[PDB]
Amino acid sequence: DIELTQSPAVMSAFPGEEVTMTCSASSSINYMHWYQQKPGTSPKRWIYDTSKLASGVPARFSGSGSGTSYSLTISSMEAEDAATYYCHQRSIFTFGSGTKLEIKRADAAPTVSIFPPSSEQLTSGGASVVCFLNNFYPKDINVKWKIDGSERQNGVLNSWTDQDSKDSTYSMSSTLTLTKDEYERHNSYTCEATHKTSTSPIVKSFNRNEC
Amino acid sequence: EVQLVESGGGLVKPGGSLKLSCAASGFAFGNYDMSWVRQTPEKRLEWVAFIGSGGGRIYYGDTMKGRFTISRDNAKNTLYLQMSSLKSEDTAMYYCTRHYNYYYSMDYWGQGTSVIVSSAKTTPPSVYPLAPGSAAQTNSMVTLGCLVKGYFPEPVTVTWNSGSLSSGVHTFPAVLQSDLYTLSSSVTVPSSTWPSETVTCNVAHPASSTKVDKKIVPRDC
Ligand SMILES: C[C@]12CCC(=O)C=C1CC[C@@H]1[C@@H]2C(=O)C[C@@]2(C)[C@H]1CC[C@]2(O)C(=O)CO
């Protein structure tokens with residue numbers, strides 16, 4: 001069962017940098033192909049037969065390799081290059097798992113905002129407290145929830161957007177879902193964002209016994 | 001010019017069957033080897049089936065195990081995939097692809113048709129307005145939102161003021177919660193414009209044929 005592994009899984013670079021990613025095969029094969037995919041669209045043939053560029057592919061891209069080791073290289077990378085690149089070869093069932101190339105930019109702190117459960121949701125017996133952490137960089141950010149002063153960890157779901165196609169920031173939602181009855185037994189709700197742009201968290205909060 | 005257009009995907013119970021189709025345009029369909037490739041929820045790409053130009057040569061991926069049948073009708077420029085005894089692991093986006101030469105790169109791909117294998121039933125979303133309430137903001141900008149909860153399957157489409165508020169919008173990837181999907185969308189507008197100018201989220205769920213608008217109104221405290 002000849003299998004493909006790709007390294008790195010994820011990498012980020014500023015425009016202008018040289019980029020290299022690798023595709024390794026468990027035994028020797030030839031004529032490796034590379035496919036480019038961006039969110040919400042189909043894979044696209046990018047490099048084929050180890051070194052041939054597909055139509056529309058700039059000469060900054062090159063493919064090379066032999067045996068058990070293949071690589072895709074980009075000179076002077078451009079923002080439009082950001083995508084996942086997958087290797088594959090004619091005898092392989094499962095494509096390589098991909099290298100996702102992301103765009104490095106200047107650090108940015110999130111704009112944070114918190115929302116109490118709506119009265120309409122409460123009527124139905126559930127209670128979601130929503131916190132948005134918008135337009136930040138890098139992707140790694142820590143969200144902490146405190147209810148009446150004690151950290152809370154159960155019932156939180158976080159969802160990050162794909163890197164933003166115009167400004168290269170990320171955004172994320174952090175949602176604390178509770179039963180209406182559990183929500184009604186506590187008062188202070190806090191969402192805290194800790195990001196490497198500051199040693200001090202960004203804090204948004206509300207008291208349920210207001211409004 | 002070249003077009004490959006898939007159809008036939010949808011929700012199917014485990015153990016069920018489905019037939020996918022791929023309509024081809026813009027090229028001599030019968031001169032080309034064709035394939036089906038699927039992408040799982042984990043973004044893994046798996047070569048499902050391959051068929052030679054004349055329909056007399058066929059290959060299948062390792063986990064197919066006789067449950068898939070690729071066929072083609074060169075007179076109607078259509079490729080098919082019959083799928084049977086479906087399992088949860090067969091949930092994926094199914095792509096029609098065309099082969100260039102005999103090293104078997106795939107030089108054209110269709111748009112994909114989504115197959116979801118589970119016992120869940122189509123369910124419309126609840127949509128809730130997210131106003132600041134007791135978390136009132138005070139800057140030059142204000143951020144509002146909509147919570148979309150409890151629908152199946154993906155996707156929903158969210159717009160704000162019918163697409164006229166397009167900048168300042170973040171619609172987050174949905175996540176499974178009690179085996180149903182939930183997402184939120186945020187919009188940011190000058191604080192001088194709300195509530196004086198109305199802000200409404202527009203939620204569409206095609207699978208359930210549902211369309212709801214939720215006006216974001218200041219809360220009655
Ligand atoms: C190049 C090849 C063999 C030679 C040929 O006339 C046509 C093809 C295309 C389809 C390929 C096939 C294989 O070599 C085995 C493959 C890769 C198959 C599609 C799925 C496959 O059956 C597997 O996934 C086996 O593990």
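Lettering of chains follows the sequences in order, A, B, ..., and the numbering in each one begins at 1. Any value given below was found using the heavy atoms of this structure, including those in side chains, with hydrogens, waters and symmetry copies removed. As the structure lists them, so they are numbered: ligands from 1, and atoms in each ligand from 1.
Cation-pi check for B/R38 over B/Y95 is not met; the charged atom does not lie both under 6.0 angstrom from the ring centroid and within 45 degrees of its normal. Both the sub-6.0 Å distance and the 45° axial angle are satisfied by B/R72 relative to the ring of B/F29.
Pairs of residues two or more places apart, or lying in two chains, never qualify as salt bridge (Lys or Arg N to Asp or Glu O under 4.0 Å) while including a residue from residues 83-111 of chain A.
The residues lining ligand 1, counting any heavy atom closer than 4.0 Å, are A/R90, A/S91, A/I92, A/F93, B/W47, B/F50, B/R57, B/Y59, B/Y60, B/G61, B/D62, B/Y104.
To the nearest 0.5 Å, atoms CG (B/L144) and CH2 (B/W160) are separated by 6.5 Å.
Atom CD of A/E80 has 12 or fewer neighbouring heavy atoms from other residues, nucleotides or ligands inside a 6.0 Å radius.
A side-chain donor-acceptor contact under 3.5 Å links B/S105 and A/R45.
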